[PDB]
Every structure is written in C-alpha cells, then in structure tokens.
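*Asks:* experimental structure and its sequence below.
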Amino acid sequence: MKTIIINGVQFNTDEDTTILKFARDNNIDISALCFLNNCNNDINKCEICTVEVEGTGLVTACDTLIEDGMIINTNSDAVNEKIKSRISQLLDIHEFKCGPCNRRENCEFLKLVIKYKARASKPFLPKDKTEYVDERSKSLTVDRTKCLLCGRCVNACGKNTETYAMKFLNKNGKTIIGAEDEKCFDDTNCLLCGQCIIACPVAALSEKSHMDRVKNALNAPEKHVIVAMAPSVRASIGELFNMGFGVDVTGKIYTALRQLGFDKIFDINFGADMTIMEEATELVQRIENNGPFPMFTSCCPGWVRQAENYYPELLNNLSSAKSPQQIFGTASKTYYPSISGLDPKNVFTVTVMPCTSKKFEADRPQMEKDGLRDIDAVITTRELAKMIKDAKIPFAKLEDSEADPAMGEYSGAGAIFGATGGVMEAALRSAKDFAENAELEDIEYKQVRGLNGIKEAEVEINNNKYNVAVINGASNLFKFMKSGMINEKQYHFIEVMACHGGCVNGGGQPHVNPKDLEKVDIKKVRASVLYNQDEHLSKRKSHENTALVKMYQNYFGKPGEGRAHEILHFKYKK
Ligand code: SF4
Ligand code: SF4
Ligand code: SF4
Ligand code: SF4
Ligand code: FES
Ligand SMILES: [Mg+2]
Ligand SMILES: [Mg+2]
C-alpha cells in the first residue's frame, strides 16, 4: 500500500490515482475548475486545485499522482492565497455582472469567487461587447467576456465528437476559443451538438436564443402558438427547480406551458410516433427492394451534419422520414388546421428540445412548404426553464394537467426516443409488426439499450435475419466507420445519436455541476424516466397511437406513400 497524510489524517491505500480524486473519495474538499472529463487545461492550468505537499511545494491535485510518504495540506494560507490569486486574475478578464447572466443560478466560477472572497485587481468592464460576442450561428453563441480559457469546451468537443471544431485561436496575439479560422460554427465541420456548452462552467457558451421569437408570437393577437416538448424535456427540466434528478415532471410542464400563455399544448413524442410510422414502413420497403442498405436514422441533426461534413456518400442512405420535430411541424401547418379551422399562416409552432442543433434543423431553408415553416421556433430546456422562472411560475408546486390529445398523445415507443437505442427499439416494434403483419407481444429490445458506445444486435423479421447497430455518440460514429466495423458485416438499419447517452444528454440540457456528475449517472437517471413511461403505458407501439391513427386515416392515408411521403419526408443529397 501507500501511506498518505492529508491535513493530519493518515490514509493507507493501494490505489493509483490523483490527489484530487483520492480526496474526493474521502470527503476531503479540494476546489477545481478546468478539470473535467478526466482532463484539465494542459497548456494553461488554472491551478484552482492547488495543494501543498511537504518536500515539493504547491502542486495541482487534478493531475498529480498520490505517492507513499506524501504529507498533503489543502487549506494552508499559502494554498488559499495562491488559489485566491488565480481567481482574482481570472476576474481581471471576466465581466462580473451576475444579475442578467443566464448562469446566475448555477455558475462554477461565481461559487469559487464567493468561496475564496476573491476580487479583481481591476474590474473587467468592456464598453462594447461587440468584438467579444459571436451570435452568427443558429445554434451557438459565444460571449468571450465570460470565458475563462479553461479549455473544457475544447476538450469536451474532442472527446464527444472527435471533430475538434472548438479550437484555441490566436486573435491579434490574444488567446480565445472558437471555430476554425474564427468562422461561424455553422460554416465549419461543427455538429452544433452543444456539448461545448454543457462543459462550460460559465455563461461564455450559450444557445442561440429563440425566446424573442416565442414571446413576440405569444403577445401577437392573431398568432396561435403551439408548443410541444421533446421526450427528454420531461425528465430533466425538474433539475433547474431544485427537484433533483430523474424526476418525471410531464404533467407539471403542461400546466406551466398553459400559464405561460401557449394556445395549444401538444407533444413531440406524438411526432416521434409519426417518424416511426414513416421510418418503419421505409425499412420494410427497403427490405423488399433489397436496399439501399444500410438505412441510417435521420432524426439527429448533429448526425446529419456529421454525415454532411464527413460522410456525404451516406446521405442517400439516411431515412427520408423527417425528424419527430420537423415531422410534427409539417403536420402542425396542414393537419391541425384541417381539424381546428385555424389559418395555417397564423399557426406558430414552437418546440422545447434538449438540443442546440435542433435550432439549425428548424431554420433549414427547405424545412417548409407553401411559405410555412415546419417549425417557427426552438427553445432549449434551459430556455423554457428561464421562461418559467421569469413568469414567476411555482413549477415544483404545480398540479398535473394533460396535453391536448389531437397531437399530444404518444405511445411508449415514442417515449423512449430521448435515450440511445430508443429510436432503434421503437422502430423495430413497428417494423416487425408491419413486415410480419401481426401484433407481437415481445417488444422489449434491451440489447440496443445502455451507454455502450457501439451496440449491435441480430433481429429476425419475417423469417429472415437482419443486423442492426446503434451508434451512441458522434465520436463513436467516427470509430465505427474508421475502424471498418461498417464493412465487417451487412447492416440493415443503424441508429446514430451525436450526444453520448442520447438526447437526454443533449447540448440544450440543464448544466450539472462536476460534483454531481460524480454522484449521479445523469444519462441513465434521465433515460430511466423515459423507459418507466414506456413500461406503464397502454400503447407501447407507435402505430397503436389512436390520435395518430385518426390523423393518418382522415388526412395522410398510408405511411410511406401518397400524401404522407409527399410532405412528411425530407431527403439529403451531396
Ligand atoms: S458567468 Fe458566472 S460569475 Fe460571470 S457574471 Fe455570469 S453568473 Fe456571474
Ligand atoms: S467557453 Fe467556457 S469551457 Fe470554453 S474556455 Fe471559455 S469558460 Fe472554458
Ligand atoms: S457544438 Fe459539438 S461539434 Fe460543435 S464545437 Fe461544440 S462540441 Fe464541437
Ligand atoms: S443526440 Fe439528440 S440532443 Fe444530441 S445533437 Fe442529436 S438530436 Fe440533438
Ligand atoms: S483543476 Fe487542476 S489545473 Fe485546473
Ligand atoms: Mg492533463
Ligand atoms: Mg397569446
């Protein structure tokens, strides 16, 4: 073993790890900042994790290994003044205005300033933030007046996407972070997945705001404003109201959306069932025509952009079915009027997503028809949360209400969409019933679930074996293709999500403090909410959605053909 003295307390351990990690595992407080995802800022260590080691001096605990004979002190005056100096220096480059800041209620930096009572040697107060702000992107926004240059976004992008779209840049001899050549992120190989935002300890990286689109549309007398949340929203937004993790708040969201003044409360899970109708039918179609295999999902715009930027040869292999968001939006301007009498142009369709990329998908030029946008606005989970708080809605104390069932009902299949393997399973539940023309009892495909990067399974459909795969994260898509796993066998249907764990870990999701990520498996705790809804729902198949069946019977007809194929589909091409 090793003998380690920390603050006078002796430890006898055989572990090989860092001071920070060992300290955290023994309830010994050590501050940190730039350390996240088992990596720190190598070229510019923040030194917030400084601790004293007798015979060595001050050392960074987040990358310093424990060694026998170490006598560590974490709270000496020499350590605190050092940490206080670094935080003070960061403040010299930080616009310290927490009042209007969108991270006011969960900023790692603010908590560090309060903790050490640090103050700026000179308050950073830029007159014009123009040069510091980049709002060119449809999904991302950079405010470099808040940027600590901790590199956590850069490292996050590398790990999650392996695109390294977020880079350190030298602008006029000044270190900043941004896209390649300081271009607009959209104009680069960036996936707009927002993982860089999630890793950001401050409000330096945020989503491109759409709240003005919403509030204007709401206050517009003639505008009929629809709202519909994604699957993952009802399993995460509760976190930003001190309700904890893994708490279902579906009913509370519906009520909150009515108090905010939305004219109609629908649900994207209804659109998730639609996507399954239009994707399960296509899978069966491609089987009969024998290809083109494999069929890739197309509901994740992060993946779409990844295909557009790295694998354009696969764009014709993507499912023509629109994403649950876009497919919902299409029906909102055509079907919903036909059952409400509303003038389509007065219909304003808003979605609540866990995703920053969804903003880019919704504003795609061709994502419309007859001048009518499928989706007019997308607000992240964080945006809706702020919208609720600004309205002074006591969310945690709201009583449950239901959505409007015309486009608000959803089966358990559409419910699990928010988790990696969700779309896959949901699609197989319908495709097997379609191909075999039956109503099979066994519908649970646990094989394609979980947090494994790459997941594969052999499924039987109409007395024939087919190979499916589920790519869990953009970095795993790169690995899947580069390593030649695609060519090792003939796959017939592949799911691809950009964010590891699925949309429950989207870029528009609530920020989780590093100390909570250690205590909670955010990806599984969030997904559990979705699977629990699937288990307790009467309808667990997309095509068993009564409200949707009505819609298809009375308006669209059959899926994968006629009117359905006409307007609910969207093909990508190189
Ligand atoms: S980023 Fe954090 S510390 Fe800086 S102004 Fe915003 S809330 Fe305050
Ligand atoms: S944008 Fe955020 S994560 Fe990136 S360097 Fe600045 S503070 Fe760190
Ligand atoms: S949105 Fe995703 S791909 Fe783009 S820079 Fe951020 S982490 Fe990288
Ligand atoms: S996995 Fe979901 S949340 Fe992440 S980029 Fe794709 S659609 Fe958005
Ligand atoms: S947390 Fe250790 S150097 Fe940043
Ligand atoms: Mg390191
Ligand atoms: Mg109104």
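*Replies:* Sure, I can see it. Numbers count the residues shown, from 1 in each chain. Ligands and ions are numbered 1, 2, ... in the order given.
*Asks:* tell me where the stretch 451-574 of the chain has strands.
*Replies:* In the stretch 451-574 of the chain, strands defined by DSSP state E, counting those that start in this stretch lie at 454-460, 465-472, 491-497, listed in chain order.
*Asks:* any idea which helix is longest in the chain?
*Replies:* Criterion DSSP state H: the longest helix present in the chain is helix 268-288.
*Asks:* does any bit of it sit next to ligand 4?
*Replies:* No. Residues of helix 268-288 are not located near ligand 4 by Cβ under 6 Å from any ligand atom, the shortest gap being 11.1 Å. To be clear about C-beta, it is placed using only N, CA and C from the backbone, and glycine gets the same treatment.
*Asks:* same check, this time on stretch 496-510
*Replies:* Yes. For stretch 496-510 and ligand 4, the contact criterion (Cβ under 6 Å from any ligand atom) is met by 497, 498, 499, 502, 503, 506.
*Asks:* any chance you could give me that stretch in CSV, C-alpha atoms only?
*Replies:* Taking Å, rounded to 0.1, in the frame of the first residue of the first chain, the C-alpha atoms of stretch 496-510 are listed here in CSV:
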residue,chain,number,x,y,z
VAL,A,496,-26.8,7.4,-34.8
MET,A,497,-27.0,9.9,-32.0
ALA,A,498,-24.5,12.7,-31.7
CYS,A,499,-24.6,13.1,-27.9
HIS,A,500,-23.5,10.1,-25.9
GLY,A,501,-26.4,8.7,-23.8
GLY,A,502,-28.8,10.2,-26.3
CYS,A,503,-30.9,13.4,-26.3
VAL,A,504,-31.1,13.1,-22.5
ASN,A,505,-27.5,14.4,-22.7
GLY,A,506,-28.2,17.0,-25.4
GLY,A,507,-26.5,20.3,-25.6
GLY,A,508,-29.6,22.2,-24.6
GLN,A,509,-30.0,20.3,-21.3
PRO,A,510,-29.5,21.6,-17.8
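*Asks:* what about it, near ligand 2?
*Replies:* No. Using Cβ under 6 Å from any ligand atom, stretch 496-510 stays clear of ligand 2, with a minimum separation of 12.9 Å.
*Asks:* quick one: that stretch to chain centroid distance?
*Replies:* With Cα atoms, centre = their mean, to the nearest Å as the basis, stretch 496-510 stands 3 Å off its chain's centre.
*Asks:* flag every buried residue along that stretch.
*Replies:* For stretch 496-510, the neighbour count (16 or more other Cβ atoms under 10 Å) marks 496-510 as buried.
*Asks:* among the residues you listed, which two are most distant?
*Replies:* 496 and 510 (24.1 Å; Cβ to Cβ).
*Asks:* hang on, residue 96 packs against residue 124?
*Replies:* Yes. Counting by Cβ atoms under 8 Å, residue 96 does reach residue 124; the two are 7.0 Å apart.
*Asks:* out of these two, which sits in the busier spot?
*Replies:* residue 96 (18 against 15; other Cβ atoms under 10 Å).
*Asks:* check contacts around that one.
*Replies:* Going by Cβ atoms under 8 Å, 6 or more residues apart in numbering, residue 96 touches 113, 120, 123, 124.
*Asks:* show me which of the residues you listed are buried.
*Replies:* So, by 16+ other Cβ under 10 Å, the buried ones in these are 113, 120.
*Asks:* quick one: which of the contacts of residue 96 is nearest ligand 5?
*Replies:* Of all the contacts of residue 96, residue 113 has the smallest distance to ligand 5: 15.7 Å, by Cβ to the nearest ligand atom.
*Asks:* residue contacts, the closest one?
*Replies:* With Cβ under 8 Å, 6+ apart, residue 113 has these contacts: 87, 91, 96.
*Asks:* apply 10 Å and report the result again.
*Replies:* 84, 87, 88, 90, 91, 94, 96, 98, 107, 119, 120 (Cβ atoms under 10 Å, 6 or more residues apart in numbering).
*Asks:* helix or strand for the last one, which one?
*Replies:* This means residue 120. In this structure, residue 120 sits in neither a helix nor a strand according to DSSP states H and E.
*Asks:* the chain should start at 10 in everything you say after this.
*Replies:* Sure, I'll start counting at 10 from here, so that last one is residue 129.
*Asks:* tell me which parts of the stretch 10-159 of the chain are close to ligand 4?
*Replies:* Applying the criterion Cβ under 6 Å from any ligand atom, no portion of the stretch 10-159 of the chain neighbours ligand 4.
*Asks:* I figured residue 187 hits residue 176, correct?
*Replies:* Yes. With contact defined as Cβ atoms under 10 Å, residue 187 reaches residue 176; the gap is 6.9 Å.
*Asks:* quick check: neighbours shared by these two?
*Replies:* Shared contacts of residue 187 and residue 176, counting by Cβ under 10 Å, 6+ apart, come down to 162, 197.
*Asks:* show me which of the two is the more surrounded one.
*Replies:* The residue with more neighbours, out of residue 187 and residue 176, is residue 187; 22 against 17, by other Cβ under 10 Å.
*Asks:* just to revisit the earlier point, got the CA coordinates for the longest helix of the chain in PDB?
*Replies:* C-alpha atoms of helix 277-297 as PDB (Å, rounded to 0.1, in the frame of the first residue of the first chain):
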ATOM      1  CA  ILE A 277     -43.100  15.900 -29.900                       C
ATOM      2  CA  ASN A 278     -43.500  12.200 -28.800                       C
ATOM      3  CA  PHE A 279     -46.600  12.300 -31.000                       C
ATOM      4  CA  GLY A 280     -44.200  13.400 -33.700                       C
ATOM      5  CA  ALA A 281     -41.900  10.600 -32.600                       C
ATOM      6  CA  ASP A 282     -44.600   8.100 -33.300                       C
ATOM      7  CA  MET A 283     -45.000   9.800 -36.700                       C
ATOM      8  CA  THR A 284     -41.300   9.300 -37.500                       C
ATOM      9  CA  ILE A 285     -41.700   5.600 -36.600                       C
ATOM     10  CA  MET A 286     -44.700   5.300 -38.900                       C
ATOM     11  CA  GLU A 287     -42.600   6.900 -41.700                       C
ATOM     12  CA  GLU A 288     -39.400   5.100 -40.900                       C
ATOM     13  CA  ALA A 289     -40.600   1.600 -40.000                       C
ATOM     14  CA  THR A 290     -42.500   1.500 -43.300                       C
ATOM     15  CA  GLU A 291     -39.400   2.500 -45.200                       C
ATOM     16  CA  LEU A 292     -37.300  -0.200 -43.500                       C
ATOM     17  CA  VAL A 293     -39.800  -2.800 -44.800                       C
ATOM     18  CA  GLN A 294     -39.800  -1.100 -48.200                       C
ATOM     19  CA  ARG A 295     -36.000  -1.300 -48.400                       C
ATOM     20  CA  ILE A 296     -36.100  -5.000 -47.500                       C
ATOM     21  CA  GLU A 297     -38.500  -5.800 -50.300                       C
END
